[PDB]
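No value in this document is a laboratory result; all are computed from the given coordinates. Cβ atoms come from the backbone with ideal geometry, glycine included; neighbour counts cover every protein chain shown.
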């Protein structure tokens with residue numbers, strides 16, 4: 001048995017096919033079994049239309065034995081492209097061994113595994129090309145930026161939602177196709193634990209719209225709009241400001257700005273560093289929750 | 001010597017360059033020596049225009065020693081993108097070791113080798129991404145679907161027609177560029193043995209045109225037209241039927257339908273499973289040969 | 001530590017980020033430390049606009065420690081996409097171990113390393129797909145053709161200018177993104193030694209414009225124009241001639257013609273082989289320098 005062939009066969013029983021069908025449509029994706037009680041993690045864009053129109057869509061999970069079982073949506077986060085499904089009273093489930101994405105290093109050989117019984121599924125191979133790389137992701141759901149694992153293994157429709165696997169057959173990331181990018185497993189563990197526990201995930205918000213700017217004076221995220229009543233208006237952030245640092249994270253562009261805001265604590269004061277007409281101004285903002293009732 | 005470098009040098013003498021030239025055109029591809037009598041396998045689209053216009057095209061085979069020898073066409077199958085060439089009275093030919101594509105597994109490391117003396121030839125590396133994957137292939141020749149080996153190694157103009165090689169330096173597939181796909185070697189061995197022996201290959205036909213459909217009622221290949229006097233008209237297949245199984249093979253789309261029909265026996269009765277206005281109807285059809293005189 | 005992870009960490013300190021900024025623009029690339037006195041090699045298109053407008057652009061080199069140091073341009077060759085930068089009075093520099101690209105073979109595993117602190121940098125993995133492959137490269141600088149190492153590792157904006165690394169952590173090529181191609185290290189060593197020593201590099205010229213032609217009569221580079229007073233006019237080269245050999249190198253297309261001319265000696269007589277209306281004519285041309293004052 002080949003070295004990658006061995007690793008792929010070991011995780012195959014943990015990867016499932018997710019089929020969402022209507023009367024005149026269908027959609028397939030991949031998923032990962034992360035808990036023996038039937039908890040399945042996929043990315044949000046696989047199930048997005050079934051969540052926005054649950055009256056006309058049916059979502060089933062197809063195991064690698066050919067077994068087809070109905071699925072129920074526990075929760076979903078469009079801001080990290082993550083979702084949690086639940087199959088009830090299924091026994092002898094082979095659960096995936098989750099790893100530590102903080103122990104991953106550039107050059108490590110990886111496998112991007114898709115669901116074996118998927119229609120046009122794929123298993124691709126490569127190395128980790130970059131770590132902590134902000135990447136923008138684009139139905140009626142919002143566009144977001146994740147701080148992702150980059151790989152030269154092909155991520156596509158056939159392995160999206162499946163796991164990124166290290167050479168110890170451990171899940172280190174969730175492939176997303178929304179050249180290849182994956183959601184780190186530690187990020188996935190937080191979002192999934194919150195979605196199982198509450199059915200929702202509350203992310204910080206500041207009320208700022210930004211664009212990217214890079215020159216010899218100051219480089220970062222230029223404020224394009226400040227919302228009314230927002231924490232930014234209360235903190236002093238003005239339009240045409242250039243945010244260069246959000247909390248303890250430097251901001252090189254509007255994409256890293258989105259990631260750094262989600263790393264702030266809700267309700268706690270935070271430093272925001274800004275270049276205003278050639279002067280460095282340090283502002284203090286208190287992030288608000290994006291969902292007040294669920295929080 | 002590197003691990004892939006060793007395998008590539010071992011098969012290099014078995015891979016040849018195929019050049020087809022006219023008075024105002026040219027075309028190059030790759031080929032594989034499969035028999036010591038001078039039998040060379042390539043894919044049909046490398047030589048297609050030389051076969052349709054033999055009066056104005058000259059086809060030569062260039063070995064890896066720089067030796068250039070005229071070639072003659074034994075036969076070609078546009079439905080599997082395969083062709084067989086013959087060089088006469090060439091000695092000390094290094095023949096490729098053919099493998100068993102039924103012993104190939106997802107994750108196995110492969111090499112897509114092109115002709116070393118080709119103008120813009122390539123040697124690429126990857127793994128087997130999927131097995132038994134139907135893929136459509138598109139001059140005056142017909143479009144077809146093959147049940148192929150999928151790989152994340154790049155298949156392109158520089159290695160099309162050359163071999164897909166396992167880590168034992170064995171040919172397990174024929175690269176075709178008509179992300180990467182290859183014709184399984186067992187499929188290649190059937191087509192080539194028939195083309196050497198008769199100069200033709202007779203494939204089954206039913207007389208059906210189909211399109212792909214996928215919803216919550218029934219998913220498969222929707223009948224778009226039934227030809228007159230066809231086996232389908234005699235068997236009861238009607239338009240707007242949805243074929244879900246052809247013989248012993250389930251059909252998920254019009255592409256798998258084309259592959260499954262070619263797996264039927266000519267002249268023997270076969271079951272065809274159909275969803276007609278919400279009712280499952282099982283029909284019996286007898287496949288006809290696509291070429292009656294050559295059969 | 002993984003096998004590629006080990007090699008990548010060993011060369012990381014030798015790879016630097018090159019940032020060129022203006023008042024309303026910026027540009028980043030990668031570079032390689034090749035000499036302890038502060039000599040950095042990148043490709044010409046990373047710094048092209050800073051060289052054509054030095055009054056409005058500032059070029060800095062960012063080491064992997066976070067240290068930012070101003071850089072000065074020693075020289076640049078647009079015809080090989082190579083450039084040499086100099087940082088002054090920087091100590092404890094980890095210099096890259098340069099290899100021999102003549103000892104490289106098809107199938108050898110390689111790494112295309114980018115600057116670790118680069119904004120959107122990449123480390124990709126593959127094999128050498130082809131050797132001595134002419135590839136055309138396209139601001140106000142000239143388009144050129146280099147005789148390059150081809151690899152199936154992805155070369156992109158994140159690793160352009162960085163090194164192509166073998167499994168002994170040795171630089172065997174310079175990645176250029178102007179599927180993947182790299183400048184051989186032996187070619188790089190000549191150009192860099194001349195650029196350090198004189199600040200310029202003098203390449204041969206003949207005064208010919210060519211296009212590619214391939215048919216059954218003769219294949220090669222068809223003369224599209226002969227410049228006045230050029231060495232070609234003095235040697236007898238006429239328009240619509242087909243150059244098939246330049247010196248000791250055969251010419252299959254206009255791209256190999258550009259490479260072969262740069263391999264001739266300046267001021268020495270050279271054979272040029274031409275097909276003129278069905279007759280093979282052997283001409284003698286004396287290459288001129290492209291820069292007479294710097295030579």
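Take the conditions within 23 Å of residue C:201 (Cα to Cα), within 13 Å of another protein chain (Cβ to nearest Cβ) and in a strand (DSSP E or B) and apply them to residue C:133. Does it pass?
yes
Out of the residues in the stretch A:78-92 that are out of contact with any helix residue (DSSP H, G or I) (no Cβ under 7 Å at 6 or more places or on another chain) and surrounded by 19 or more Cβ atoms within 10 Å (Cβ to Cβ), which is nearest to residue A:196 (Cα to Cα)?
Going through the qualifying residues, I end up with A:85.
Exactly one of (1) in a loop (DSSP other than H, G, I, E, B); (2) within 14 Å of chain B (Cβ to nearest Cβ); (3) under 25 Å from residue A:105 (Cα atoms) is unmet by residue C:111. Its number?
Of the numbered conditions (1) in a loop (DSSP other than H, G, I, E, B); (2) within 14 Å of chain B (Cβ to nearest Cβ); (3) under 25 Å from residue A:105 (Cα atoms), the odd one out for residue C:111 is (1).
Residue by residue through the stretch C:96-108, note down the ones that are within 14 Å of chain B (Cβ to nearest Cβ) and outside any loop (DSSP other than H, G, I, E, B).
C:103
To keep it simple, each residue is scored yes or no on (1) within 14 Å of another protein chain (Cβ to nearest Cβ); (2) surrounded by fewer than 24 Cβ atoms within 10 Å (Cβ to Cβ); (3) in contact with a strand residue (DSSP E or B) (Cβ under 8 Å, 6 or more places away or on another chain); (4) outside any helix (DSSP H, G or I).
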site: C:139; (1), (2), (3), (4): no, yes, no, yes
site: C:159; (1), (2), (3), (4): yes, no, yes, yes
site: C:167; (1), (2), (3), (4): yes, yes, yes, yes
site: C:187; (1), (2), (3), (4): no, yes, yes, no
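Which members of the stretch A:50-60 meet the condition of being more than 14 Å from every other protein chain (Cβ to nearest Cβ) and closer than 12 Å to residue A:83 by Cβ?
The one that is more than 14 Å from every other protein chain (Cβ to nearest Cβ) and closer than 12 Å to residue A:83 by Cβ: A:51.
Would it be correct to say that residue A:173 is more than 14 Å from chain C (Cβ to nearest Cβ) and part of a strand (DSSP E or B)?
yes
Has the stretch C:190-197 got any residue that is touching a strand residue (DSSP E or B) at 6+ places or on another chain (Cβ under 6 Å), within 14 Å of another protein chain (Cβ to nearest Cβ) and either over 20 Å from residue C:130 (Cα atoms) or surrounded by 24 or more Cβ atoms within 10 Å (Cβ to Cβ) (or both)?
No: the stretch C:190-197 contains no residue that is touching a strand residue (DSSP E or B) at 6+ places or on another chain (Cβ under 6 Å), within 14 Å of another protein chain (Cβ to nearest Cβ) and either over 20 Å from residue C:130 (Cα atoms) or surrounded by 24 or more Cβ atoms within 10 Å (Cβ to Cβ) (or both).
Scan the stretch B:241-281 residue by residue and report those that are surrounded by 16 or more Cβ atoms within 10 Å (Cβ to Cβ), in contact with a helix residue (DSSP H, G or I) (Cβ under 9 Å, 6 or more places away or on another chain) and not in a strand (DSSP E or B).
B:247, B:251
Please tell me if residue C:116 is under 13 Å from the mean Cα position of the chain (by Cα) and within 14 Å of another protein chain (Cβ to nearest Cβ).
Taking the combined requirement at face value, the residue does not satisfy it.
Can you tell me how many residues in the stretch A:141-153 are surrounded by 22 or more Cβ atoms within 10 Å (Cβ to Cβ), more than 9 Å from every other protein chain (Cβ to nearest Cβ) and more than 13 Å from the chain's Cα centre (by Cα)?
1
Can you report the number of residues in the stretch B:198-238 which are out of contact with any strand residue (DSSP E or B) (no Cβ under 9 Å at 6 or more places or on another chain) and buried (at least 17 other Cβ atoms within 10 Å of the Cβ)?
Counting residues in the stretch B:198-238 that are out of contact with any strand residue (DSSP E or B) (no Cβ under 9 Å at 6 or more places or on another chain) and buried (at least 17 other Cβ atoms within 10 Å of the Cβ) gives 0.
How many of the residues making up the stretch A:216-249 are farther than 15 Å from residue A:281 by Cα and within 14 Å of another protein chain (Cβ to nearest Cβ)?
Total satisfying the criteria: 1.
Show me the strands (runs of 3 or more DSSP E) entirely contained within the stretch B:6-49 in which 3 or more residues are within 10 Å of chain C (Cβ to nearest Cβ).
Answer list for the stretch B:6-49: B:15-21, B:26-35.
Mind checking whether some residue in the stretch A:85-95 is closer than 17 Å to residue A:174 by Cα and part of a loop (DSSP other than H, G, I, E, B)?
Yes; the residues of the stretch A:85-95 include at least one that is closer than 17 Å to residue A:174 by Cα and part of a loop (DSSP other than H, G, I, E, B).
Restricting the search to the stretch B:43-77, which residues are under 21 Å from the mean Cα position of the chain (by Cα) and surrounded by fewer than 16 Cβ atoms within 10 Å (Cβ to Cβ)?
Matches in the stretch B:43-77: B:52, B:72.
Just wondering, is there one or more residues in the stretch B:171-185 that are buried (at least 19 other Cβ atoms within 10 Å of the Cβ) and over 15 Å from the mean Cα position of the chain (by Cα)?
no
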